[PDB]
Amino acid sequence: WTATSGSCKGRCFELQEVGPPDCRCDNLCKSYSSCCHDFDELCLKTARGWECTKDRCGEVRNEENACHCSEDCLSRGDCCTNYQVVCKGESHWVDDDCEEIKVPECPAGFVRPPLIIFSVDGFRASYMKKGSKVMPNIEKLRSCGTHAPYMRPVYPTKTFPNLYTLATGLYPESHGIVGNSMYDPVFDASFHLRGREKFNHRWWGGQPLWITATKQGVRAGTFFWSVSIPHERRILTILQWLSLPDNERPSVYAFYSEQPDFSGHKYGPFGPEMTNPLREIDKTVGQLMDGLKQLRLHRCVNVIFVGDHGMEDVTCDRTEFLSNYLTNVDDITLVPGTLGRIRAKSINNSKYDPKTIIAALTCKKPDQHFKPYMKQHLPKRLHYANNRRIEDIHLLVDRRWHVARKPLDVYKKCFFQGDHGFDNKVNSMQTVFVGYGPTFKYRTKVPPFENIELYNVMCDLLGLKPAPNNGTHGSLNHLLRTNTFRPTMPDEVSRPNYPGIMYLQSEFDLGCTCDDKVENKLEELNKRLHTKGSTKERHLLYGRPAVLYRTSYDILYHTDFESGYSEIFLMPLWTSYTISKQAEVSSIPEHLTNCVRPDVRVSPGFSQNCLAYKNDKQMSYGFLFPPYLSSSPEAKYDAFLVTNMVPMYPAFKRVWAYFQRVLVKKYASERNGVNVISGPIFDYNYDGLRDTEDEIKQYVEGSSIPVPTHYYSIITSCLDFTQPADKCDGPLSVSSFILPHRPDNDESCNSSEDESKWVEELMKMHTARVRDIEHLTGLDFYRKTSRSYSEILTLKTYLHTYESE
Ligand SMILES: *[C@@H]1O[C@H](CO)[C@@H](O[C@@H]2O[C@H](CO)[C@@H](O[C@@H]3O[C@H](CO[C@H]4O[C@H](CO)[C@@H](O)[C@H](O[C@H]5O[C@H](CO)[C@@H](O)[C@H](O)[C@@H]5O[C@H]5O[C@H](CO)[C@@H](O)[C@H](O)[C@@H]5O)[C@@H]4O)[C@@H](O)[C@H](O[C@H]4O[C@H](CO)[C@@H](O)[C@H](O)[C@@H]4O[C@H]4O[C@H](CO)[C@@H](O)[C@H](O)[C@@H]4O)[C@@H]3O)[C@H](O)[C@H]2NC(C)=O)[C@H](O)[C@H]1NC(C)=O
Ligand SMILES: COCCNC(=O)c1cccc(-c2cc(Cl)c(C)cc2OCc2n[nH]c(=O)n2C)c1
Ligand SMILES: [Ca+2]
Ligand SMILES: [Cl-]
Ligand code: NA
Ligand code: NA
Ligand SMILES: [Zn+2]
């Protein structure tokens, strides 16, 4: 109950929220149904509209007007934004030449340039070019400030998950807003866009920018605008707050527009009806910049123009229906649309079975427009699993499609022509970023980057210390003129052993055989040098990875490859090798088909054994350095050492063997040599983070050989591909992947065919950032390059997307 009897006089859009049931005059009062009786009258004035005209210039103040054109308005901070233009012969901000802002030019008593986040919903990246004719204010921001060709949202590419990722630096799985609809089994509560429950603080994890600011003594304006407050009034409110006294004035502000998303759902992303909403958003930006110019803050404020997600063409006829796959359709609850989430309708039903639901949804129709996944099998780049609000069964829906439970759901709920929510690598889902102001660079293009990175930068912009988040702080230093964060490399926690020859062959009883007893002082010295690391500068180009946790491991050198071998996991944490453009692929000789060789540097007690693989009928083995790429028949024996062996399901070995036999050589030819680092990943609790040994759920039968959940590779070469990978003077180029280690190829519908038709497609789906692999392994790569650390940080966050341009 709200006692709405008090008044909002002198309190309109008050910053602090008063204790109920006293009536509120803050922006959120509309949302809680708790405003004072006179809120609309006093705080939402509209009389005479939003612009000055010639006849209002120097008028007598009239407190009823929406904004003012009287002489006292500047000092009151409540002129219409076009006031100086209409009445003082000033130009609009957009008509001024742009001039570099080398230093903040701020009024006296400003302690730091304010930050204004101008956020727009549904603003697809290509609108910057395709709508450029009708968005001159936005185009001036873009071309004069710092911009990216696009910014990658998080998955799912919905509004609340993305704005709250912007606010926190966190993946949706960590901040908890994992969709637009949600059930939390612990609370036994549901979250919906419409309604009241969404305001409860228990949904909202991490620490958003406004709370980070407040805790550290920086005041914030409102971020969540009540939907009924018009845009012109949000702008005027920001401008008024900016005229407050130094002690009361916020340093950080947000504006939000529900356009062009709102129209894009109705008309599709490029419907002719979309021109007008783009014009209107540009008008609003003009109003802000004119308003800042009046207050003399246009060369003082940092402005971020940022979208939450794009928009794709999606109509009712492109809907897949679970009723066409499942007979039990009434025993499930589906969260539908541009992604699918499935759980049992009733928790009292023990006849509900996720295994057969997945199977009934797998490759059932030739052009099926969605793919079912257990959430832990989703591409790791999506970081979408470690939350009880994310259902075990997930459907990744093709772009341009919807999924629904039954047809009745679609017509008793064509309306829409646009939607979003798909995989965050999809081009149509990409959004925008522009930074403009004294702290941003002048006329600078930067590469595309992920919205999870912005929280750190907004904190830098405000001199705040960021709460722990998923950005990689320093990876966006190149956006900034100053206030950069100067990160240091993490310290290595475990130093390696360097074992020499310590064991005789007969000490090993591993049940392994090799046809290798085939027998020179010129080349005896040669092999000794190779085992001591004489070729190491060729295969380990960027230094050895640092191990950032406590463990026991050995560096092992070979002619063709170097490895960091874990005595705990009985396999390499990483294997590093370089394949030049000229390298030759050979095959595994017949006499060496089943060969596995004890490694005399490593004890039997810390080795895998062949018997275990023999006894395990499901599990086979593969090698991290491929025998196919050996530099000589004699170097090929190294590739069969028991220390290069890793456990692999036969179904996975189809993938692995094709990558090693065909793809590495193809990349080396295309990229002028590549350096490859490969290894196992263990993520049994799907938290995106390296498992400790007591978290491993599966071993090769009868042994303590742990089974990886994934295998990674990091493939690096010279960005200037006229230089070979092993002699590169400048910036690097990388692509990486994290392939799920699965006992079937059910994920790939065309897998009965030749690997050349399906494997590369699979690997592209499972593209990754080197940073994702760092989290999953506790390793730190690129420790020794000639490149600045901030540049390496940007490389480590790079994602190779495989979308066209
Ligand atoms: C992306 O960035 C983020 C942020 O850095 C990374 O997430 C962090 O990872 C840490 C490890 O997973 C985790 O640290 C744990 O915190 C526990 C206490 O946490 C509370 O306090 C923090 C800080 O204020 C708060 O942020 C947390 O908020 C979570 O929980 C609420 C719901 O309860 C949500 O509102 C919120 O969204 C958030 O949920 C998310 O995280 C939790 C995990 O905390 C998930 O379960 C959710 O799915 C969701 O994703 C918390 O309120 C602390 O208790 C833990 O300590 C245990 O483990 C350590 C190991 O060192 C051990 O020493 C202790 O003994 C202890 O073990 C005991 O508990 C065990 C489990 O119950 C039990 O088995 C043992 O036997 C022991 O009794 C731990 O330190 C940190 O909280 C999160 N932070 C956030 C914000 O998510 C994330 O990893 C990054 N992602 C990637 C890929 O890099
Ligand atoms: C009690 O509530 C829990 C608190 N949660 C929020 O405060 C919240 C929720 C969601 C989006 C944001 C949010 C975040 C950022 Cl970073 C930006 C720039 C804009 C944002 O919202 C803009 C907005 N105004 N009106 C509206 O409908 N939206 C989406 C903020
Ligand atoms: Ca883990
Ligand atoms: Cl959703
Ligand atoms: Na086997
Ligand atoms: Na298949
Ligand atoms: Zn939308």
Side-chain angles (χ1 to χ4, degrees), residues 119-124 153-165 172-173 176-184 190-194 198 203 227 256-269 271 274 277 307-314 333-343 375 382 384 387 389-391 393-397 402-405 415-424 428-429 431 511-512 594 596 608-622 645-653 698-703 705 707 743:
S119 66
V120 285
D121 191 21
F123 202 111
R124 180 172 173 162
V154 291
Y155 183 80
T157 52
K158 301 294 196 172
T159 297
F160 280 37
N162 276 277
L163 294 166
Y164 206 59
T165 284
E173 63 177 12
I177 311 302
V178 304
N180 279 337
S181 161
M182 308 184 273
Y183 175 71
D184 184 307
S190 294
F191 173 105
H192 324 275
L193 289 172
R194 283 290 177 190
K198 76 153 180 284
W203 298 105
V227 47
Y256 175 69
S257 172
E258 73 286 339
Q259 287 288 32
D261 186 85
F262 182 69
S263 296
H265 283 288
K266 294 164 83 318
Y267 309 113
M274 298 301 296
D308 52 3
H309 54 71
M311 181 77 64
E312 177 61 274
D313 288 290
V314 179
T333 293
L334 171 75
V335 186
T338 52
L339 49 139
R341 314 208 299 281
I342 294 169
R343 57 185 194 276
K375 65 185 180 161
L382 301 173
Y384 194 70
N387 201 284
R389 303 165 188 176
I390 299 170
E391 283 79 9
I393 299 158
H394 200 75
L395 312 183
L396 280 190
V397 181
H402 270 161
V403 62
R405 201 168 64 95
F415 350 87
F416 61 85
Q417 288 185 279
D419 206 355
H420 50 90
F422 308 105
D423 187 336
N424 64 332
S428 65
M429 292 304 94
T431 190
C512 298
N594 290 304
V596 173
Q608 285 175 49
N609 75 86
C610 296
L611 189 55
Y613 289 102
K614 190 196 199 301
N615 292 341
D616 204 311
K617 292 305 176 301
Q618 317 311 320
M619 192 50 74
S620 177
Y621 64 86
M645 187 179 57
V646 292
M648 291 191 179
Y649 290 114
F652 189 74
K653 299 177 60 195
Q698 195 188 337
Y699 289 89
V700 180
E701 198 170 317
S703 70
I705 313 168
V707 172

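Both ligands and their constituent atoms are indexed starting at 1 by order of listing. In what follows, residues are counted from 1 in the order of the sequence shown.
- Put simply, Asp419 stays out of reach of the Zn ion (ligand 7), with no N, O or S atom under 2.8 Å from it.
- Checking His309 against the Zn ion (ligand 7), every N/O/S atom stays at or beyond the 2.8 Å cut-off.
- Between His420 and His309, the ring planes lie parallel to each other; the angle is under 30°, not in the 30° to 60° tilted range.
- Donor-acceptor pairing under 3.5 Å is lacking for the side chains of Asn180 and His192.
- The Zn ion (ligand 7) is the vertex of the angle joining OD2 of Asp261 and NE2 of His420, which measures 140° to the nearest 10°.
- Shortest distance from the Na ion (ligand 5) to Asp616 is reached at O (N/O/S atoms only).
- Checked by atom type, the side-chain pair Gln608/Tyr613 shows a donor-acceptor distance below 3.5 Å.
- Rounding to the nearest 0.5 angstrom, the gap separating the CE atom in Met645 from the CG atom in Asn609 is 7.5 Å.
- Within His265, NE2 is the N, O or S atom that lies nearest to the Zn ion (ligand 7).
- Within 6.0 Å of the CZ atom in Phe416, the count of heavy atoms belonging to other residues, nucleotides or ligands exceeds 12.
- With the Na ion (ligand 5) as the vertex, O of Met619 and O of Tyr613 span 100° to the nearest 10°.
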